[PDB]
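Student: Need a 3D model of the following:
(2 chains, ligands or ions: 2)
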There are 2 protein chains.
Amino acid sequence: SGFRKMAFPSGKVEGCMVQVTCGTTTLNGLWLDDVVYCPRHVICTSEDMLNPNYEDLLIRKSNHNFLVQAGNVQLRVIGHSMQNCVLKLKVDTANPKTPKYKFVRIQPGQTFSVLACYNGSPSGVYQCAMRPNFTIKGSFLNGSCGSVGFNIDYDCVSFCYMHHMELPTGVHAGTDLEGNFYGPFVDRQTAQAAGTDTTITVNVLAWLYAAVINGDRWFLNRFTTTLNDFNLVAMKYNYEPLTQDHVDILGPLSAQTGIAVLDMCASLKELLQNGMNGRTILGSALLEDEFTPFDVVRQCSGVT
Amino acid sequence: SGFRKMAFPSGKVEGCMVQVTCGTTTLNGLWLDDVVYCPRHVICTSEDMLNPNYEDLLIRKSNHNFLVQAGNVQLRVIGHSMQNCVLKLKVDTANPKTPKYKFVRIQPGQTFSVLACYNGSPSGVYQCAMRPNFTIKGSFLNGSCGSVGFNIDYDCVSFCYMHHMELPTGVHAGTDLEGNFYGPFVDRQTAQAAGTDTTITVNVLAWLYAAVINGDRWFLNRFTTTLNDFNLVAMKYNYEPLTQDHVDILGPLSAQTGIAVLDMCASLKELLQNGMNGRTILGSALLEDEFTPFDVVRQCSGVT
Ligand SMILES: *CC(=O)c1cc(C)n(NC(=O)c2n[nH]c(=O)c3ccccc23)c1C
Ligand SMILES: *CC(=O)c1cc(C)n(NC(=O)c2n[nH]c(=O)c3ccccc23)c1C
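Tutor: Residues are numbered from 1 along each chain as shown, chains lettered A, B, ... in the order given. Ligands and ions are numbered 1, 2, ... in the order given. Please find the structure below.
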């Protein structure tokens, strides 16, 4: 028993991290097969940051200007191209450690592991959620750009995120592996509105089920609610409206615990209206929304 | 910027995980050089659990009874011995993926990453603290025994923990890699008192410094305290007494932020006496104690 904010084992991704240097800038790249993917802002100087013309900046660069290093060995760049906000550096050697992989676009509310890297070297791994407003709250210092987000299913790594930006508010923004930003963000040093965020209701309910499974049950009550009534409370507390699709996704947890989804909603309604009263659930004093229903089932079943 | 509960990259440890089966029991082993380490309770049947005589149980076992599998390949066991609560299975092949490593005994209050495994296969990685009462609050289902705790310094893995037990209270207990339990625990299925736990004061202060560094400053006040006065409050709130050694360890964070350690203690005193008032610090509604001062400096400096 016990329930932790667990990241995927990072070994398969560690073997793909390389350092990319262009001019004075150094950040991380992801080496899969004979291609290295990295944020296109590696070609920017400090005078370019405010409003870079990436097309013009990239025209001044040649293959030999992109220094790609995997550990202590240099990779030979034989092509370069920009796809949206990412650069794809074709190299003459396929990464011998390329795992089975996919590039996927995750939905807001879904979770993934980030392998924080600096100079192509991994520093740590943590689990987070793609917020409903398409930002992430990560841990990214200078040099961490190009660090990637991923999920693992058996032996296949689905890369979903590449780190590009820290907004002036301190929240993080990035792209899928085809270089498309999640959210309205642009790779420019400008003030950018992230937009209203909400709490991921279905994940809070999943985590309440994980709490019951792991012995924390004080919040269970004698009440029930309806989707309509629950959603009036969700509206007041800036929670995503719960849909039947969310109820269906919570089905396996409801079956395992014997607690109807709407009964768990009634517990969540009471916690929203009355707070925790100084108590904790799974070591947290707030309602946790970074565990999907799949994350709860996976951790409660020991999937490897 | 940003601050997350970050685990070490787990790749070096993933390459050491193997499955150990003895009779009907399956758990994890750690393969380093030509030795596989695992909990000695792998030799127990359900009738042995309550009070096993490990010496007698092990005498009934031969090398060929310990099935050690690394992925799909079987390892040949050429010796076995029990050291405290661990078994050391000598195999005929050195693990080609053995990283540089050390076996260390961590102190209570220190942190480490756990690579949760089942059937020798990694499922996830998370960071936790060795509680002052020598328990850990992990995520360990049946089959997770033999999963290890570790820290990484550059390319050297210091293994500090091996998982052995879940007490009837749901907290976890285990050993160093020489098989010595942390705390008073024994590898028997009996009710075992864990003893009074405390909050790791120096880690809470470190995390308050991480909060200031990362922009969360609402808890800073116009007050100061002394070690004596702070410790009277720490006593009341079940916090470890703060010593000059703890103040010295917080020195670099105090220097970086310009906030004297005793001034940060005064903020901590006010938070203990008055609570959070519905506010959060680094996304937490409680005072976090699972980041050491070294963890804060490491994450704030991007050490790889
Ligand atoms: C996230 C990350 O690693 C990141 C963000 C930004 C803006 N950069 N680039 C720089 O910091 C940077 N870019 N171009 C230059 O010419 C620089 C000169 C000096 C220092 C930093 C520079 C990165 C890497
Ligand atoms: C932590 C862990 O992986 C763990 C804890 C305990 C007690 N075990 N062993 C068993 O569950 C177990 N041990 N011996 C047997 O003869 C068993 C028979 C059936 C099911 C489980 C058994 C492990 C592995």
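
Student: how many neighbours does the residue lying closest to residue A:291 once chain neighbours are set aside have?
Tutor: Spatial nearest neighbour of residue A:291, excluding adjacent residues (CB to CB, 6 or more residues apart in numbering or on different chains): residue A:207 at 4.8 Å. Every C-beta, even on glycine, is put in place using the N, C-alpha and C of the backbone. For residue A:207, the neighbour count with other CB atoms under 10 Å in any protein chain shown is 25.

Student: what does residue A:245 give?
Tutor: 9.

Student: Go ahead and report the secondary structure state at it.
Tutor: At residue A:245 the chain is in helix, as set by DSSP: H, G, I helix; E, B strand; the rest coil.

Student: cool, the one 3 residues further on as well?
Tutor: Put simply, residue A:248 is helix when judged by three-state DSSP.

Student: circling back: surely the residue nearest to residue A:291 meets residue A:286?
Tutor: No. Between residue A:207 and residue A:286 there is no contact under CB atoms under 8 Å: 10.6 Å.

Student: Now for the two: what residues contact both?
Tutor: Common neighbours of residue A:207 and residue A:286 are not found (criterion: CB atoms under 8 Å, 6 or more residues apart in numbering or on different chains).

Student: Let me see the backbone angles for residue A:123.
Tutor: Torsion angles at residue A:123 (phi, psi; degrees, to the nearest 10) stand at phi -110, psi -30.

Student: Please apply the same query to the one 5 residues further on.
Tutor: In terms of degrees, to the nearest 10, the main-chain angles of residue A:128 are phi -150, psi 180.

Student: same deal with residue A:45?
Tutor: According to degrees, to the nearest 10, residue A:45 has phi -100, psi 170.

Student: do you know how far it is from ligand 2?
Tutor: Using CB to the nearest ligand atom, to the nearest Å, one gets 55 Å for the distance from residue A:45 to ligand 2.

Student: who are the neighbours in contact with that residue?
Tutor: Residues in contact with residue A:45, defined by CB under 8 Å, 6+ apart, are A:23-25.

Student: Next to chain B in this structure, residues from the stretch 151-300 of chain A, please.
Tutor: By CB under 8 Å from any CB of the partner chain, the part of the stretch 151-300 of chain A that sits against chain B consists of A:166, A:170, A:172, A:214-215, A:275-276, A:278, A:280, A:283-286, A:298-300.

Student: Let me know the closest of those to residue B:47.
Tutor: Ranked by distance to residue B:47 (CB to CB), those are led by residue A:215 at 27.1 Å.

Student: can you give me the helices for the stretch 151-300 of chain A?
Tutor: With DSSP state H, counting those that start in this stretch as the criterion, the stretch 151-300 of chain A has helices at A:201-213, A:227-236, A:244-249, A:251-257, A:261-274, A:293-301.

Student: I'd like those helices as JSON lines, with distance to ligand 2 appended.
Tutor: Formatted as JSON lines, the helices of the stretch 151-300 of chain A follow (distance: least, CB to the nearest ligand atom, whole Å):
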{"stretch": "helix A:201-213", "distance to ligand 2": "17"}
{"stretch": "helix A:227-236", "distance to ligand 2": "38"}
{"stretch": "helix A:244-249", "distance to ligand 2": "30"}
{"stretch": "helix A:251-257", "distance to ligand 2": "20"}
{"stretch": "helix A:261-274", "distance to ligand 2": "29"}
{"stretch": "helix A:293-301", "distance to ligand 2": "14"}
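
Student: Residue A:97: which of those is closest?
Tutor: helix A:293-301 (24.9 Å).

Student: contacting residues around the closest one?
Tutor: A:3-4, A:6, A:111, A:202-203, A:205-207, A:209-210, A:213, A:249-250, A:252-253, A:256, A:291, B:123-124, B:139, B:141.

Student: Repeat that for stretch A:260-277.
Tutor: With CB under 8 Å, 6+ apart as the criterion, stretch A:260-277 contacts A:201, A:204-205, A:208-209, A:219-221, A:223-227, A:229-230, A:233, A:236-237, A:239, A:242, A:247, A:250-251, A:254, A:285-287, B:278, B:285.

Student: Show me which residues of that stretch are buried.
Tutor: Using 16 or more other CB atoms under 10 Å in any protein chain shown as the test for burial, stretch A:260-277 gives A:261-272, A:276.

Student: if we take those residues, which one ends up nearest to residue B:46?
Tutor: Closest to residue B:46, out of all of the buried residues of stretch A:260-277 and judged by CB to CB, is residue A:264, at 34.5 Å.

Student: Looking at chain A, what residue ends up closest to ligand 2?
Tutor: At 9.7 Å from ligand 2, residue A:302 is the closest residue in chain A, using CB to the nearest ligand atom.

Student: how near is that residue to ligand 1?
Tutor: Residue A:302 is 35 Å from ligand 1, by CB to the nearest ligand atom.

Student: In the residues of the stretch 151-300 of chain A next to chain B, find the pair that's most separated.
Tutor: Every pair of these checked by CB to CB; the farthest is A:166 and A:215, at 38.6 Å.

Student: So if I had to pick from the two, which one is more boxed in?
Tutor: Ranked by neighbour count (other CB under 10 Å), residue A:166 and residue A:215 place residue A:166 first, with 19 against 13.

Student: who's that one bridged to?
Tutor: residue A:172 (DSSP bridges).

Student: Wait, it touches residue A:140, no?
Tutor: Yes. The pair residue A:166 / residue A:140 is scored as a contact, 6.1 Å apart, by CB under 8 Å.

Student: if I look at those two, which residues touch both of them?
Tutor: Shared contacts of residue A:166 and residue A:140, counting by CB under 8 Å, 6+ apart, come down to A:172, B:1-2.

Student: Filter these down to the buried ones, PyMOL style.
Tutor: Buried residues within the shared contacts of residue A:166 and residue A:140, by 16+ other CB under 10 Å, are selected in PyMOL with:
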select buried, (chain A and resi 172) or (chain B and resi 2)
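
Student: Could you export the shared contacts of residue A:166 and residue A:140 to CSV, including columns for distance to ligand 2?
Tutor: CSV is the format used below for those (distance: CB to the nearest ligand atom, whole Å):
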residue, distance to ligand 2
A:172, 37
B:1, 39
B:2, 34
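
Student: For the shared contacts of residue A:166 and residue A:140, give me a markdown table that also has distance to residue B:107.
Tutor: Converted to a markdown table, the shared contacts of residue A:166 and residue A:140 look like this (distance: CB to CB, whole Å):
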| residue | distance to residue B:107 |
| --- | --- |
| A:172 | 34 |
| B:1 | 30 |
| B:2 | 28 |
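
Student: if we take the shared contacts of residue A:166 and residue A:140, which one ends up nearest to ligand 1?
Tutor: The closest of those, once distances to ligand 1 are taken by CB to the nearest ligand atom, is residue A:172, at 9.0 Å.

Student: I'd say that closest one and residue A:162 touch.
Tutor: No. Between residue A:172 and residue A:162 there is no contact under CB under 8 Å: 11.2 Å.
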